[PDB]
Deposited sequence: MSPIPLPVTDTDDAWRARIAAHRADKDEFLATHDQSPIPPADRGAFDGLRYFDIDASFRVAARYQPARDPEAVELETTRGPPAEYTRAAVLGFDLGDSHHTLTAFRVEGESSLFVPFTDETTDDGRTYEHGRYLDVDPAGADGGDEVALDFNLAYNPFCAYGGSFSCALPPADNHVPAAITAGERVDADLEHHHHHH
């Protein structure tokens, strides 16, 4: 059913609504001081080569694991699965984490844009709907920054070294 227009519209609508929340809402992660001057998040333009199908390889025996955080004690996740996918000509894997009380898998990553400074230095996050082992949708046009990227003092989970993708993921949120 889903048209390309529908998908692009959905992404557009999401980035606009998000901008609105960040710019005006009391619980916005943008520090109050900087809200007036806030001009919207920066994004790569939408790109379908970064909207890929991932093979879902669930953890045989889901394991309690922890990720470093930027300002705090390590955060506790369950290793939930391996996501396997292709970007252009190369195959990649990312570990997906189960978060208590959240239905989507948490997939923090870094890529070559992390390294060259086009995207956030500590990396980016992707949410992935597990429902219900087979193939899931990996849309890096939906990659977003951790809260701490906006100046406030938040302790956020850091991507494991194993979740670096050796490729330029020119999709999703950037920092300009």
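Asks: Enumerate the deposited-sequence segments absent from the coordinates, judged by C-alpha atoms, in order of position.
Replies: Deposited residues absent from the model fall in 1 to 8, 141 to 143, 188 to 197.
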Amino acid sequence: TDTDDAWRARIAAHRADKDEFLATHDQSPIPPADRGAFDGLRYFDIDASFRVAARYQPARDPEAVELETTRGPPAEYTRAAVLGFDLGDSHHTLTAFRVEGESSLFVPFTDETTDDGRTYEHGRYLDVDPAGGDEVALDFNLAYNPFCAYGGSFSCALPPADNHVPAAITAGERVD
From here on, numbers count along this sequence of modelled residues.
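Asks: Tell me which stretch, 103 to 111 or 42 to 50, has the higher mean Cα B-factor listed in the entry.
Replies: Looking at the record's C-alpha B-factors, the answer is 42 to 50.
Asks: As stated in the PDB record, which stretch has the larger average Cα B-factor, 19 to 27 or 148 to 156?
Replies: It is 148 to 156 that shows the higher mean C-alpha B-factor.
Asks: Return the residue from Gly117, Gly123, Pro32, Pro58 that has the highest Cα B-factor in the entry.
Replies: Comparing C-alpha B-factors across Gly117, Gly123, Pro32, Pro58, the top value belongs to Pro32.
Asks: Checking the record values for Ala143, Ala37, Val128, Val65, which has the greatest CA B factor?
Replies: Result of the comparison over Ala143, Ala37, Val128, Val65: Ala37.
Asks: By the record's CA B-factor, is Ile169 among the lowest, middle or highest third of residues in the chain?
Replies: It belongs to the lowest third of the chain when residues are ordered by C-alpha B-factor.
Asks: Looking at the entry's B-factor column for C-alpha atoms only, identify whether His91 ranks in the lowest, middle or highest third of its chain.
Replies: Ranked within chain, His91 CA B lands in the highest tercile.
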